[PDB]
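Engineer: I'd like to ask some things about the structure below.
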Amino acid sequence: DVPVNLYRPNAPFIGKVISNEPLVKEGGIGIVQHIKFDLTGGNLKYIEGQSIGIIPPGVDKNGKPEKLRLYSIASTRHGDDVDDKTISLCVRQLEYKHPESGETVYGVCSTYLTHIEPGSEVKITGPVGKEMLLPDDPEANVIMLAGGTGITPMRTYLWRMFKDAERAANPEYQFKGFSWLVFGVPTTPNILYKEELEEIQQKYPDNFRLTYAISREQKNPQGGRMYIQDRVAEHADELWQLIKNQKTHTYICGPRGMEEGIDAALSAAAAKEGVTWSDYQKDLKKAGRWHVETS
Ligand SMILES: Cc1cc2nc3c(=O)[nH]c(=O)nc-3n(C[C@H](O)[C@H](O)[C@H](O)COP(=O)(O)OP(=O)(O)OC[C@H]3O[C@@H](n4cnc5c(N)ncnc54)[C@H](O)[C@@H]3O)c2cc1C
């Protein structure tokens, strides 16, 4: 049922870049690109919450061919144009400190992707992943806790739920539940897909809540920069109340180490009703209602 490994690294699908557009507005930190690829000529199918591999050119420092890097799929199964012909990614250019042999270091695959030109051919593998899948139940509640490019799978869910063209293409999925995105980025220019997220909240105010944690523009009650963990703490009681519903799913995506402050906040909330969150959460994971993808 769920598509997986239609293409593998030994015989990847050769896609073509259609577009490569910037998502970080002026005044933002770093580069994050929305890249769309042409899937025509092959049979790559996928669903929301999955990833694909990209094999970049070149050799590593030891002379060995570069291996694939995984990227969360940014588009619904139908692609951004709802034509079942494309797939999109949301790729940050990795760049980091001097300490590691040199000065500014640039990631191999992410630099390749963020600078790729339309018309270029790329090696694609996958799709992969069954741990970030969206329920078919149109009355589910969906909590989405995203940091940075952790937004990516959330885009696939929200587009499927709320885009006019998606609703028209998906007669069996007319979302009537409640979804809540808490999205942590450093600046307003760094709010990936800001305009479309706010368009969704305006059209569906009873079915979608949008909460930002903007670290360079907002301070938590303790005086520190505002992070996703601070917003979860601020709304811990209400998030816990939603989580108790048998039909609620929670999705967490972003940098590794983001889970710890989220668990601390929810643990304090659940403890007020005599529940140990770590135990309750284990049961949610087993039931397929607690979805995590961090790296
Ligand atoms: C399932 C999954 C989904 C993913 N989804 C996305 C996504 O949607 N968007 C996205 O942009 N990325 C995503 N990634 C990350 C992606 O796979 C790559 O790891 C990322 O793009 C960097 O790869 P690169 O080839 O550019 O860097 P590489 O050339 O592979 O360099 C990475 C290496 O640099 C070093 N390094 C990294 N940071 C530092 C630091 N701060 N200080 C010192 N050394 C450091 C580490 O040793 C690391 O192994 C995802 C990863 C996984 C596993």
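Numbers in chain A come straight from Swiss-Prot, and the residues shown are 146-440, in order.
So how was this one determined? The header says X-ray crystallography, 1.9 Å.
Cβ coordinates come from backbone N, Cα and C, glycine included.
The following feature annotations were taken from Swiss-Prot:
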BINDING   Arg214, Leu215, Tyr216, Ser217, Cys235, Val236, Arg237, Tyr241, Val253, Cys254, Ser255, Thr294  FAD binding site
DOMAIN    155-279  domain 'FAD-binding FR-type'
Engineer: Whole number in angstrom, please: the longest C-alpha to C-alpha distance across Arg214, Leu215, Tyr216, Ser217, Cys235, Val236, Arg237, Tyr241, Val253, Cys254, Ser255, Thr294 for FAD.
Structural biologist: 21
Engineer: Take the Cβ of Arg214 (FAD binding site) and count every other Cβ within 10 Å, whichever protein chain it belongs to.
Structural biologist: 19
Engineer: Which ones in the same chain are close to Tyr216 (FAD binding site), with CB under 8 Å and 6+ residues apart in sequence?
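Structural biologist: Non-local contacts for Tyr216 (FAD binding site): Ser196, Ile197, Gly198, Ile199, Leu234, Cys235, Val236, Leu258, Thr297.
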Engineer: Judged by the number of other CB atoms within 10 angstroms, which among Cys235, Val253 is the least packed of the binding-site residues?
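Structural biologist: Each of the binding-site residues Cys235, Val253 was scored; lowest Cβ tally within 10 Å is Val253.
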Engineer: When you measure from the Cβ of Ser255 (FAD binding site), which residues in the chain that are at least 6 apart have a Cβ under 8 Å away?
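Structural biologist: In sequence order, the residues whose Cβ lies under 8 Å from that of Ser255 (FAD binding site) (at least 6 apart) are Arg214, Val236, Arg237, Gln238, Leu239.
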Engineer: Test of understanding: give the count of other CB atoms lying within 10 angstroms of the CB of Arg237 (FAD binding site).
Structural biologist: 20
Engineer: When secondary structure is assigned with DSSP, how many helix, strand and coil residues does the domain 'FAD-binding FR-type' (155-279) contain?
Structural biologist: 7 helix, 49 strand, 69 coil
